[PDB]
Structures are given as structure tokens and as C-alpha cells.
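Working notes, structure below.
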Amino acid sequence: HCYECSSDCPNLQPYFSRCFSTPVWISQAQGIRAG
Amino acid sequence: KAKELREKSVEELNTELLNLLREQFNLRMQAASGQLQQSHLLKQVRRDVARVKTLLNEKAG
Amino acid sequence: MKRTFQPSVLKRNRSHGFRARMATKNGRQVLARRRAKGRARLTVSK
Amino acid sequence: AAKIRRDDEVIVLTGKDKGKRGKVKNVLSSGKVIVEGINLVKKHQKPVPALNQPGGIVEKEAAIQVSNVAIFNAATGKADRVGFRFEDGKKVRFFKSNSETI
Amino acid sequence: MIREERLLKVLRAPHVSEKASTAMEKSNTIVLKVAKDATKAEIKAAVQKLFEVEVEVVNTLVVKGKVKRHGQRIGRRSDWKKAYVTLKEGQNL
Amino acid sequence: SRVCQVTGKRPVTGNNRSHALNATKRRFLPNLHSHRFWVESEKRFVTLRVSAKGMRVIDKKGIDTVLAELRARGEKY
RNA sequence: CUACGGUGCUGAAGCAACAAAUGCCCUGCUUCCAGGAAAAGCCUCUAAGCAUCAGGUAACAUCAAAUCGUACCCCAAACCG
RNA sequence: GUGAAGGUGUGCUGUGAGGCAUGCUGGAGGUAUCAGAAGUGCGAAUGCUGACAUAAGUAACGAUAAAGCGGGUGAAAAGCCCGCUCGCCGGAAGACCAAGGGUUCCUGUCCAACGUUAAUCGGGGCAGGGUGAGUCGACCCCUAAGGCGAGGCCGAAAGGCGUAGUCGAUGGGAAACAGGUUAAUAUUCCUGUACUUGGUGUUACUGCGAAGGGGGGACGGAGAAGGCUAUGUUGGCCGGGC
RNA sequence: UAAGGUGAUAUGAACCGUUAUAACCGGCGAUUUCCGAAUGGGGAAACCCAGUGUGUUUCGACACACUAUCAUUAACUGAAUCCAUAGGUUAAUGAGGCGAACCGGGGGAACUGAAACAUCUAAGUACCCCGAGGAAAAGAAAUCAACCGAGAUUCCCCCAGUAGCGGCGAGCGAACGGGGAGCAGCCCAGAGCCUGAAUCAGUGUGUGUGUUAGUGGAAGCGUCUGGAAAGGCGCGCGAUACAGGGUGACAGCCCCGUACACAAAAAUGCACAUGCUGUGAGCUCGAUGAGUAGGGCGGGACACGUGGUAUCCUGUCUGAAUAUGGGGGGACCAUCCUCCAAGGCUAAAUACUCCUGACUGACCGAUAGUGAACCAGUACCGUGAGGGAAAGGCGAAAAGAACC
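Quick note, the sequences are listed as chains z, 1, 6, u, t and 0, same order. Positions 14 to 32, 150 to 165 (the authors' numbering) are the ones given, in order, by the first sequence. Positions 2 to 62 (the authors' numbering) are the ones given, in order, by the second sequence. Positions 1 to 46 (the authors' numbering) are the ones given, in order, by the third sequence. Positions 2 to 103 (the authors' numbering) are the ones given, in order, by the fourth sequence. Positions 1 to 93 (the authors' numbering) are the ones given, in order, by the fifth sequence. Positions 2 to 78 (the authors' numbering) are the ones given, in order, by the sixth sequence.
Right, dumping it as C-alpha cells:
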């Protein structure tokens, strides 16, 4: 009865491997003072 | 039928091309109307109009 | 807010359309590269 | 040039009916051959409201492979192979081992 | 004045709808599926010659093909043209 | 384009070589001028973007002889 | 009417005064300087041309007006995110 | 096939990588030996792909405009339908075009998945149905910016530029309104009343005729009124109430 | 060529045929919408709008044909301007577009190496453009050699990592000569005698041979296990065929084939035989390719970076000799050897494979092998150029599970 649909991933990440991993744009961590 | 037509004149050939499409229109109306349980005359008449238009465009030249 | 893609078919077909690609040498090379790849849709057109 | 045709009383050489004799009903396309009363299966035919609404366990005959049958000679009493000769300008099926026309 | 074998190819099928039958009973309008390149003059010439009746006005529209999903793919049905042929006062077919 | 109509001198390319031998690309353009030549056969003036080497081919060979080598070649004048 | 949903037959009055736009008169009027598209449709003039021809003009009569779009969403669950 | 590889146990023995035997699965292939050739051995490379954990049945369930009841249907109703209240928006959270989308429209059906819950519901699935134009829009005629551009001028080549010309609306050119209608279309269908342009059949007096001429088209900002109207408000009238 | 068919997912439904046109396969032919070089003008490909003929017309119209630009040529008529050109028109021809690599030409990097870097390298590579062919280009000595000689180009093996070149660094890297593959030379700058005189082409019958459908093929049975035998055990037969595949497990003998022997209406490739047409022989003589060679300047190519440096090309400026003359032989000169530039054509050996046919593999076996074993350049993503997946296996046969 047309079942066992898949897990359609987002159309943003073309490497489905990291599709659910990181957004891959900007990494903002701002508190770093080393001197 | 493919052989009986090559003893016809061109005006004889053309007036049965008129009767074939009037038959083809008769059958195409019948198939949509819920009638025409014999749903094989369509393929037969469509290849009868092609059989005579072939024999038309060959004695034309 | 206002995103980068604001669609208009007229601005689409004048930029990337088949006649826009067939106007120049470097667009007929685009269409040559998209027949050589085997692309279903050649341009943005239909 | 088929060696096994429409109405031939054939004998089955292989596969649960090895030895049984029947008549071919129709040669299909893919080398499968329906033989009369030979390769019986048990079809759990589901009743649809129209179109043979008797929906029993219908026993039909399944297709057998065309290489698993041979034509029964019946003038020797055994299975027999087929060859092709030209008699009277016609391609003629004939039995092996006695060379006589079918 | 249209050639006769052209008129024999425009009228595809009479269209049944329960809107089409409302038009046949209340406004004397037969609704026909026609060929895709049918003009309103070619339909008017074909309903009069082949259905042997009289025609006032043909109104046409083009029905868009629905996108259907048979199995797992994405198909699209054909666009077809639909006439609204208004016969004058005497109705045969 | 900077082509002599008589000798066919294209611009050719080569190098600039400095005193430290740094090669960089340049072009040796031909010494082209458009000049009107009097022909007594045609009783007219005819202008030709010709090199200064081509002006020497013309008076050495003739202006009828040069133009006959252009109509039989495919140049337009 | 009749499932009273609804469809169906009926259907009286249908005036006046006042206040009114950012809308129309107005592409006006006044005024300013920063001095505010183009071409056709349209009216008009004729040239070559043209002869009670061809056109034009009016009224009257006929026919023709093709072909596509037309559902639905539009401050949005149908558009861009 | 009286059971191969593989998988899974067990036992035995080699100094080790390992080897062998076999019980069960498996249901068709496997290879003593001696040589031969290597995509020849993985735990790591913030390795690559798939699968599955963990946090954790935790956080969250997307505007604090708000819901409560009674019937209905149903296997099941907080959410669907109907009803009565209640709350919210009203220069919008309403109505309508262009763009963009492309059937999401309407009906009957289903409720797996989709819907941040349930769902009988849905912009979900499925199958039908639905878009009707001389007048609305496009097309079309006209051009603006700008594009392309015969010849042309340039340029190693590709090509750049540009004249004639030809395209290009966001502008200019032609004409329909009101009621009624469908489950879904309406200035399109139907009633009523119009109107526009072009092709085609007679009169008198007849000069008509352009890739031309001249009008006209044809145009700013602001400001100020007056004349109205849409619309509203009250009175009157009319129907009904007590 | 046939007893079966009406392509696939795909069942039907309605049928067609049965030995002579059911389908299938091939040759040839017809048809071949619309867009696209797109060519009637336009355009936002798959649409919009015509012009002029020609018909036919119920008078509403309807068909079919033509209508691009350019190049070359011809015809007509044609400015300033008298002649005359330019232009203008109308014909005929031909061209354009796409295509994977190879090929020739025009342009032309940088990263990198040098342990930095600029000369040099990478590399005349990547790329861009132009043009062509089945190959292309080169090609008939202004060549080499060394006092003997060789005898057009191309390719391969040596010579030889030599000689050299070189911030004499990194690196670059020959020839001569030798072994081979394949080996043809010819024209014009020119007039005569002779006078189709072989040639080399195209076209057409004719033959031989492939290609495009095909045809015939040779022989095994019992028996045990098993769901089923192709396996085991027993006993035969074919073999110019024991290549392979399929069949209920592993088949020479069941099937399809294979070895072999054969076949062509028709259309084509190749040779040959040629008939008929185009070029055009052989002999006598003359002729012997000038803004060239060379030079000055600046670059480039040669292994060769201007160095003592030949030779080639040429942007610029000059400028011979004309066979009793000229080039080269690695600066230059004299000898004396060798060749005759400034015109052109030219097969094979060579390079390549989009594509077709077989055939093979110490190649892969679904995370591999193509990106793609599967409706894959797809779904998806991006405005776009572009990127780009994942996803094979029931069984021998659906017998794919009636009924409760």
C-alpha cells in the first residue's frame, strides 16, 4: 500500500553524510582573549 | 485490401479516403459514447487511412 | 527579511533563457556542455 | 524452426512429470510451454465481485520449459528429437532415429 | 469552406460532466472535447456539417493537464481543448 | 585589423627583453597607412591600408599588377 | 415549497434634507525654479500618381472580431525565507 | 545436494600469525599441493559511507487573540460538523488585482506516511469535476531606457562599435454595464440594455493619394480654492414589533 | 521467415493469423507536427505576425508554394558626373550548424622546480580561437656527408642522457651515423613537331568479393539419492562440433548454438574488366620563381639562454647577383666538395576512437566496477555557470497466500 517511505534529507547539504551534522556556514564562538 | 486499391483511379482512391475518415469519426464518437465494445476497429481504420494516403502520394509522382 | 531570490520569469528568460544563451559564443558553449553532459532541461526555459 | 509446436502430443523429460505425456496447448514467448494436463498448479484465485466471482482454489496448468519436453514419437514408443529437412520446397519437421517426416 | 477532411479531425469526443448536461438541458449547449489546434470557426463548421444541426456561438477553453503520480514517478496528462457549442433551437445530438 | 593589403603583414608577437632579460609579451605591428594610388587603367584613385613595405612592392611591381594579385586572391578594394 | 437545511412562488416602501472626501471637474487655476519623455492612433496639407477609373464621404445593410490567459493563493500554510 | 562458500558454536593443537575436526544454520559452490601475481591483512588519520546508541522519554510542541458547552458522525472527538454563548482582528488578521506559484479550487472517498498531539479533519493520498470573452489582460499598433544591428568602421582570432532598420513597457492607441447563475467559472454563461473596429451592397456633390509637411498626442514641483460625487447621517415613508 | 502475434512496466479488453502479405527481420520507398544553423520578419526555443504568388471558394474564406543573410558569377538599370563606377534588383550556385579524440595554424599562462628569487624552469603545457581530413601535416634537396659517399618525407630502435646548452645552477638535450616500417615521384613559370599518347579522375554496365535478413547442423538411455537430475553408479554414441549459454543441482549427446556446409529481391564498400566522357603524353628546344637572398635594428625558432656562433622565420629599415651566377658545409676567409632558394601537388609506413562488429582478460562484483547494474546526469541543490546522489537478488515456477 505504498509504504516504507524514506528519510528525505534537507536540500541544503549535498553530502547527506553531514546533512544532520553542522550547518557549515559561520562558526561564531566569540570569547577568545590570549593576550 | 492493400492490393485491391491499386486498381482504383485517383478520384476513386480519394472518395474512399473521405469515407474512411467519416467512418473514423463515426467510431471515435462511438468509443467516447460508451458504445463500441468492438474496440479494435479504431486501429484498423487508422491503418486503412494510412494505406490509401500511401497509395495516394506514390502515384502522385 | 528580503532574500536574494526574487523571481521574475521575464528577468529569468532574458538572463538564462535559450535565446540569451544562443546569442553569444560562450552561451552556445554552455549549451554544448549541457548536451554533452546529458542534461534533461537544457536551459531555464520551460 | 521451433521443434515444438501448437498441437503436438509431447512427453515430459524433466521435473515431477518425468514420463508423463500430454499435448501442447500454446507455445509462449520465453521458451515456456503449456502442456495439457501436465504441469498442474494450485492457484488461490481471489474472488473479485465480477469476472468469475467463483473464487475457489483454481487448479490450472503452469508453463513448462520447452527444453524439458520432447515430442513423443509413438511409432517407436519413446521420446525423440526433431530435425529439419526440405521436402517439396517446404521445411519439414522429422523425427530423429528413423528420419521419417512428422 | 474549411476542407472536409480537416473538419473530420477536430471533434474528438463528447464531454460528460453534470455541468455539461446542465448546459445541454438549460442552454442548449453541447460540450465537446476538441482537438488542440481547433479554432472557433473550425468547430462551428464541424458541428454543423457532421452533427447536421445549427450553431450560434462556440465558446472554447483549454483544460490544463493534471500532474499525477502513478507508482513512483511524476507524469502529466495532456492539455485538451473543450468547446461550448451553443445550438440555436433544434437539438439532435 | 592591422593587416597590409599587399604583403599581408599581420601584427606578430614577441618579447620585450630588458637588460635583466625579463621576458614580457609585446606585438610588432606593421607600418600601416591608408594611401590612395592613382591607376590610369581605372581612371580613379584607390585607397589601400598598405604597409610601407607594401608601398615599395607597389612601385616596384606596378599598381595594376598589385591589384591583379588582390582580385585573384580575394581582397576587396 | 419542504429532509424546513435550503430551494421555490411572491414581495411593501424605494423620498428628502444635511454633512462629505485623500475621488472627479483638474493634464484646470495660481505660483515656483530645478524649467519638467518619445513615437504612433488621430485631425490636416499636398507630391509622384490618378480619371464620371482607384479611392473618399454619409446614411443604410451584411459579416467579422481570431488566438492565448481566465480555477485557486496574494500580507500568504499556495509567493521569497 | 548423503550439503559448498558464508554465518554461529564447541573441541583439539601450533612458538605466533594460525590450522584442523565437528553440532546448528545455509541451500551451490569450493578448492590439497607446489609454484605464480598482488587493489594482500586497520583501531586510531577532528579518516570516508551506512547502521545504531548516548544525553532522554529530557528540551520543545513556533506569538499569552481564549475558550466553554450541547447535539452529530465515528472504532475512538479538547481540535471535524452543526448549534448557542465567549473572546480576537476591522487602514486588517477584511475584500480585490499584478507578480510569483501551478490544481493548492470543488466533490466523493480513504487516514499508512505527511500535519510538531488525536483526527472522522486537511493545502495529505486517490478518483472525478472545474477555468466559457469582439469589449478584461496578453497578443497587437507606438515608442523610452536599452538591446540587437544589413551594409559600415575597427580589431591576432574570438570579436567591439554603430547607421539604416528592428526589438523593447514600467508609458501612449478601441470598445460593457446591471441583475441572475455553479458544489466549483464569470464585466466571459444566461436575461436586459448597449457599444467599438474592420471587411462587404446606394446617394448627391465629389480630389483622392504617401518611407513626406503641419497640428495634436504631450506630460514639472508645490499650493489654493470653488463645483460636486462616492459615501455617511438624520428625518419621512414602508414592513414588523409592544 | 513463420505458427503464432497485437513493444515494456501489465494484467486484461477487443482482435489478427496458422503452412500463400498475423507479427517478426532486412533492403528500398513513402510519411516525417513544432522548435533548434532555423533561413519570411520577430521572439522570453518549442511561440507571435505576415508578404507575394497560385488555386479553390458556399463569400465566410481555405489550402499549397515561395519569401534569410553572405560569398562567387551572370543578367538587367544605375548616382554624385559627361563617360564610368559605386549602388540597386533578379537569378543560379555554394557556404554556415553539430560532433569524442587525433591534426595543422593563430594566441598563450601561472602554480611548481631552482630548497628564497628575477635569467632559467614548468612549457609552447593548460586554455582560448581558427581551419581540415579520414587521417592530417611533412615531402622530392639552396639536404647531409667528408675527398669516400649518401640520395623525398613520416614513424620506430639505437646513437646517447653523449656532444653541447645552462644564475655552466635547477635543469635542458641533439645530430652525424647505423638497424627497421614503408617505400611513387611529378608539375607550372613554354612554344613547336606529334597531335586520347599511357595517365589520374568521375560516371555506367560487367565480373570477383565482402557488408546489410538468414538456412541446415550430431549423437543417451536405464538406474539410486533428491523437491527437481545436468550428480553418483552402469552401459552406449557424436566429434572438422568438449567455444559459450539455458534448462528444477554440475549436460558433448534436452534446448539455443558451435565446427562445418550454404544463401540475396534490392541497396551499398572494395577491387578488377572497362566502354564512354574531362584533364593530358612523347620529342625538339628554350626557360630556371626580386622587393627575394643578403645586410642594419628588435624579437622568435633551432638541444643551442647572443655567447666566438652558424642556420631558419620576420616586425622595421634597406637591398643583390640572374648559371661564366647563386646557397650551404656551426664565427670568418681561401681552396674544393655539394646543391640550385625566392611556384605547387603528392599514396604507404604514423596519430586517434564519438561509433559498429566480434573476441579476450592472474579486470570489478553493488561502499567495487562508469557519476549511473535500478526510468541516472535522474532526485536534489544553485539566479546561473554548475554540482550531483542513494537505490541489485522471493522462488525452479507466482504456485505471489482461496477460505476462517
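Even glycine gets a Cβ: it sits at the ideal position worked out from N, Cα and C.
Which same chain residues, not among the five before or five after residue i, have their C-beta less than 8 Å away from its C-beta?
i, result
"residue 42 (chain u)", "60, 61, 62 and 63"
"residue 50 (chain 1)", "18, 21, 22 and 25"
"residue 31 (chain z)", "154"
For chain 1, find out if any of its Cβ atoms is closer than 8 Å to the Cβ of residue i; answer yes or no.
i, result
"residue 13 (chain t)", "yes"
"residue 4 (chain t)", "yes"
"residue 8 (chain t)", "yes"
"residue 50 (chain t)", "yes"
Grab me the residues of residue i's own chain with a C-beta within less than 6 Å of its C-beta, minus the 5 sequence neighbours each way, in chain order.
i, result
"residue 65 (chain t)", "76, 77, 78 and 79"
"residue 18 (chain 6)", "43 and 45"
"residue 3 (chain 1)", "52"
"residue 13 (chain t)", "33"
"residue 15 (chain u)", "69"
"residue 86 (chain u)", "93 and 95"
Could one say the Cβ of residue i lies closer than 8 Å to chain t's Cβ atoms, at least one of them?
i, result
"residue 33 (chain 1)", "yes"
"residue 22 (chain 1)", "yes"
"residue 52 (chain 1)", "no"
"residue 29 (chain 1)", "yes"
"residue 19 (chain 1)", "yes"
Between the Cα of residue i and the Cα atoms of the options, which residue gives the shortest distance?
i, options, result
"residue 99 (chain u)", "80 (chain u), 89 (chain u) and 91 (chain u)", "80 (chain u)"
"residue 87 (chain t)", "72 (chain t), 19 (chain t) and 59 (chain t)", "59 (chain t)"
"residue 57 (chain u)", "101 (chain u), 50 (chain u), 46 (chain u) and 4 (chain u)", "46 (chain u)"
"residue 62 (chain t)", "37 (chain t), 70 (chain t) and 55 (chain t)", "37 (chain t)"
"residue 12 (chain u)", "101 (chain u), 82 (chain u), 72 (chain u) and 91 (chain u)", "72 (chain u)"
"residue 39 (chain u)", "51 (chain u), 17 (chain u) and 78 (chain u)", "17 (chain u)"
Output the distance between the C-alpha atoms of residue i and residue j, rounded to the nearest integer angstrom.
i, j, result
"residue 27 (chain 0)", "residue 17 (chain 0)", "6 Å"
"residue 52 (chain 0)", "residue 32 (chain 0)", "5 Å"
"residue 84 (chain u)", "residue 67 (chain u)", "16 Å"
"residue 1 (chain 0)", "residue 4 (chain 0)", "Since the first and last residues shown for chain 0 are 2 and 78, residue 1 (chain 0) lies out of range."
"residue 24 (chain 0)", "residue 20 (chain 6)", "41 Å"
"residue 15 (chain t)", "residue 15 (chain 6)", "43 Å"
"residue 24 (chain u)", "residue 37 (chain u)", "5 Å"
"residue 156 (chain z)", "residue 82 (chain t)", "56 Å"
"residue 31 (chain t)", "residue 1 (chain t)", "24 Å"
"residue 24 (chain z)", "residue 154 (chain z)", "14 Å"
"residue 53 (chain u)", "residue 39 (chain 1)", "22 Å"
"residue 35 (chain t)", "residue 85 (chain t)", "14 Å"
"residue 75 (chain 0)", "residue 22 (chain 6)", "31 Å"
"residue 19 (chain 0)", "residue 30 (chain 0)", "20 Å"
"residue 8 (chain 1)", "residue 56 (chain 1)", "11 Å"
Within the same chain, show all residues whose beta-carbon is closer than 7 Å to that of residue i, passing over the 5 residues directly before and after it, in chain order.
i, result
"residue 29 (chain z)", "22"
"residue 37 (chain 1)", "28 and 31"
So does residue i have its beta carbon nearer than 7 Å to some heavy atom of the ligand HEM?
i, result
"residue 38 (chain 1)", "Looking at this structure, you won't find the ligand HEM or any other ligand, since it has none at all."
Query raised in the report: Should the stretch 43-57 of chain t be regarded as contacting the stretch 7-15 of chain 0, the criterion being three or more beta carbon pairs within less than 8 Å?
Result: no
Query - Cβ pair count under 8 Å reaching 3, the stretch 94-102 of chain u against the stretch 22-32 of chain u - result: They do not touch, by the three-pair rule.
Query raised in the report: Would you call the stretch 21-41 of chain 1 and the stretch 3-18 of chain t touching, i.e. three or more CB-CB distances under 8 Å?
Result: yes
Query raised in the report: For the 8 Å Cβ check, are there 3 or more pairs between the stretch 31-41 of chain 6 and the stretch 1-12 of chain 6?
Result: no
Query - Three CB pairs or more closer than 8 Å across the stretch 13-30 of chain 6 and the stretch 3-14 of chain u - result: no
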